[PDB]
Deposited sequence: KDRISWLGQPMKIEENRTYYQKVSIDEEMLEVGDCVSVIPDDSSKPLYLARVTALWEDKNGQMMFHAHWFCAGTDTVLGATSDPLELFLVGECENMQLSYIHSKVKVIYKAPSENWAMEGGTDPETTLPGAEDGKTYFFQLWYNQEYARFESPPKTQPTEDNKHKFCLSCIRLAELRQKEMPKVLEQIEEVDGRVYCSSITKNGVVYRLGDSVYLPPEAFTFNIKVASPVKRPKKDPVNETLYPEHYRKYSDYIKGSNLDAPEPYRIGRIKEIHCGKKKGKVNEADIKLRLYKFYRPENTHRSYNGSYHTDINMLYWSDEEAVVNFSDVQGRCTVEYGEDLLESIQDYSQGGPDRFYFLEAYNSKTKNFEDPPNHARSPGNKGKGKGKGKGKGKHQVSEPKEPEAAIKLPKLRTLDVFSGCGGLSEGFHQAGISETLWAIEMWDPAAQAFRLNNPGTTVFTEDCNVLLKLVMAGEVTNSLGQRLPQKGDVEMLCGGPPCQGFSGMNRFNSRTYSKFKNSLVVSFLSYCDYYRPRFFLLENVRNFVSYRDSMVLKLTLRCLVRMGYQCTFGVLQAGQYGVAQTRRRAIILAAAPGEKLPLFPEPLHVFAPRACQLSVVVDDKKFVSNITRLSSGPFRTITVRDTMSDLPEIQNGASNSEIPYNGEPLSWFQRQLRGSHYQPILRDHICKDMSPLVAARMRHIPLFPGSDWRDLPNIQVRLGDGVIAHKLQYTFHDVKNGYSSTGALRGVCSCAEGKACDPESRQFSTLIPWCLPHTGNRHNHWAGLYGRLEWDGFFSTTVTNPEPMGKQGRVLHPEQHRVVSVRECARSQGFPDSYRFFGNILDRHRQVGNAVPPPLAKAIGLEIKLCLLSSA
């Protein structure tokens, strides 16, 4: 029994809208919230806010339903509050007769005294694709639409407008094609003369590139000399193509422009490695130097990945260095390249041209030596005034690099209790930060004792409440910083069925924080290392929630699975550059080709560079102004035996322990290592080509371990064949880095037979040095470390690479504007 109330608000041709409707003699109004019963008795009750009421010519009495999302249908899942709802951009038109009931939905707004703190309700807008919880839109109804106003609809509408290709300015039609001077897509304006990013396969270069002369693959292998050789049964994409726009033309459909058919005709730009110089010719060139060319390419607008600035070197008002560091996607050229005569020349003339941010006061918990704080400092967004680092060498390291920061070498739990208690100072006179002092809180809480995937139970759930991850959040709750950053190892998101991640997102939401999570790969921000980190970003109610930085460098695909599965739902970050990118990858070579030769065990912490920077990367890390000191080019002093094994790993890419010869070697002691003996069969690995046995223990046949079989002082480590079968023949152990490759995750203590053992230098017979490890992270050469060599390695391997941290910093920098 459904009848309207009051006089109609507005009339259309097919619809008349109303402000009030009567359903079973009960007032319902635009703005009220409502429930609808699912056909599936097992799904949670449907809940919507009524955004509009209207009547059809055909007698249908309608309302527009803007749905809420229940907590358990977001990342939080079963951890979220039963009565909490979240806004989402999902709505549709439904007939009033489907409504089951009125509901009360309260907007729990953040209090005006929010910073000092610490019927369904809602507080945040949930983005289900990126797992972002964000402040609700501020958008208000205008008189014109006050009758149909739907937050969901406007968001979908605004999106459609941003996403779609639209031509802003037409010139003239020529031979069934309209030529344009300006177009737009996804919020970016592209004009004639602008440059564009394109997939590697958008177009081709006219230079001929001969497939290498190839090579035999060794000769036969003597298996008595190499009894373990038998166990040995560039993948990063190309960076973007770049082109200057020459013409822009699209077809016509039904006498109007067909915007799904916009085409751009471009001048190809050459990267140095695209000319014949290839890689051997560009080791030393700037990552953003290009070469002009008069080659033209036709491309679909749909393929344009973004806009970039490309300038002729001489027309610049600033210095090449200054221009380059001035903004993102800035390239330059100084010569043209004739693809036909392979020569470089001057550029044609038509190729030529025509509020200081306050720094956030920052507290860095579990600071380490300051890799994370260094990255923020570089972005210009923060000032770490307080750092907490319980382990003394690292704490001292932090002081060396941040003279201005109060470093508390102490347990974070007792420190927070001290401030909560109103104490102004710890026992050492150090002034504790107080409520209001801290604007940005960041840190990497060691999430120990949650690895692996067994369930969580009564006993495990509590230690989480008593873990350092909870301590970090307790900090967030007390200080209520404007921005919150939690860094960790990738598996933070998957620890204990993703329950650690879910409890930490639940916690940030309970406090009223906007928040999200994602995985990033340090390699993609200008470092030659695989290092995936989980990152939790949070922003106070009044702020913008940051985005994750777009990858800058192409990197090995296997190391860039940044996506996370939580209860079978796949979450991704806002990152859009899912394959290629602006800059070529940074190699082990870019990283440390300028460093003087040192020997196993070298201990002189100050030696001169005996020769200038060679890589773009080395120019960045050594600086533009003076320093003569190469600090920490020191390496661990290995056993005579371990040193000998190292002299014997061949220098070919992929070499490791299985390449070792079964020979007697004179050690540095002056001792001789005897030969490893094979006196057991391997039913799984068989006999060798020299008719030799391949087992070094009785368990290989397979029985049980033999009391005496074990062998000592042998070039081929006795144990590696012992258990080779169980561990893919221990590939990588005593393995050399490749000049063309990248570091495995940079470790706290580099050991050839350790967890991560690809730690031998590519040419010298030694493990990598403290400096090289600092370079594998993104540490400047001026960055200081402290303690013995093992202390310094630990500090370096633990840090967040400043280039990753900086990347995160610039995204926060965007949130201080807009």
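**Q** Numbered from 1 along the deposited sequence, what ranges are absent from the coordinates?
**A** Missing C-alpha atoms (numbering from 1) occur across the ranges 1-2, 121-135, 251-258, 380-406, 871-872.
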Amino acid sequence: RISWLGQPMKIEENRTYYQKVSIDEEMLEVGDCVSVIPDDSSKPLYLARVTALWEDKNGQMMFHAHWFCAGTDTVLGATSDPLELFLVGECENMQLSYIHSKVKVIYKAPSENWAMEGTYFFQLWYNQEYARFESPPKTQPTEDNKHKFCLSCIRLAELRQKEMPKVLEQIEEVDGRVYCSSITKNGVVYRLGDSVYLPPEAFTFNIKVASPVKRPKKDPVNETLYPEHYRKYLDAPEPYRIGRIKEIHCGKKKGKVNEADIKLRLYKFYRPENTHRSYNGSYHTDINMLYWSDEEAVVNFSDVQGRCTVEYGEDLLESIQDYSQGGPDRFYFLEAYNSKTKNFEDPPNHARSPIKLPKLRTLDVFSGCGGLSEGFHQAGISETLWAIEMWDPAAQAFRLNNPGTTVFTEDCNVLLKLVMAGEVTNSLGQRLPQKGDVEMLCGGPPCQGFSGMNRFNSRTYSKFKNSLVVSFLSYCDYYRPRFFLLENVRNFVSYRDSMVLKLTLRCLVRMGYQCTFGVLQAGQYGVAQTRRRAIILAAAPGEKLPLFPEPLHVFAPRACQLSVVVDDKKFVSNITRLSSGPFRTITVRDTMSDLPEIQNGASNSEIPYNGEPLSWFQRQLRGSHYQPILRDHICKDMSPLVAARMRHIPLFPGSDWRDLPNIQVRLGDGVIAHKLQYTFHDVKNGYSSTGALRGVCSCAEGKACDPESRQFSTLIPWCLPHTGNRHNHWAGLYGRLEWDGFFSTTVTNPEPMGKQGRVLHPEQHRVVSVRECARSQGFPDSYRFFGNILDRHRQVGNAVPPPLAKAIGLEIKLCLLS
From here on, numbers count along this sequence of modelled residues.
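**Q** I need to verify one thing: averaged over C-alpha atoms only, is the B-factor higher for 526-534 or for 175-183?
**A** Per the PDB record, 175-183.
**Q** Which has the higher mean CA temperature factor in the PDB entry, 70-78 or 510-518?
**A** The entry gives the higher C-alpha B-factor average to 70-78.
**Q** Among the candidates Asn488, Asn728, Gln430, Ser135, give the one with the maximum CA B-factor reported in the record.
**A** Largest recorded C-alpha B-factor: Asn728.
**Q** Pick out which of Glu345, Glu423, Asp568, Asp364 has the highest C-alpha B-factor in the PDB entry.
**A** Answer for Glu345, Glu423, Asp568, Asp364: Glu345, with the highest C-alpha B-factor.
**Q** Comparing against every modelled residue in the chain, figure out the third that the C-alpha B-factor of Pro220 lands in (lowest, middle or highest).
**A** According to the entry, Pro220 has a C-alpha B-factor in the chain's highest third.
**Q** Select lowest, middle or highest to describe the third in which the CA B-factor of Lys253 falls within its chain in this entry.
**A** Highest third - that is where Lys253 ends up once the chain's C-alpha B-factors are sorted.
**Q** Please rank the C-alpha B-factors of the chain's modelled residues and tell me whether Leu814 sits in the lowest, middle or highest third.
**A** As the PDB entry reports it, the C-alpha B-factor of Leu814 lands in the lowest third of its chain.
**Q** Compared with the other modelled residues in the chain, in which third is the CA B-factor of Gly778?
**A** Lowest third, going by the recorded CA B-factors of the chain.
**Q** Check where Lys755 lands among this chain's C-alpha B-factors and tell me if it's the lowest, middle or highest third.
**A** Highest third, going by the recorded CA B-factors of the chain.
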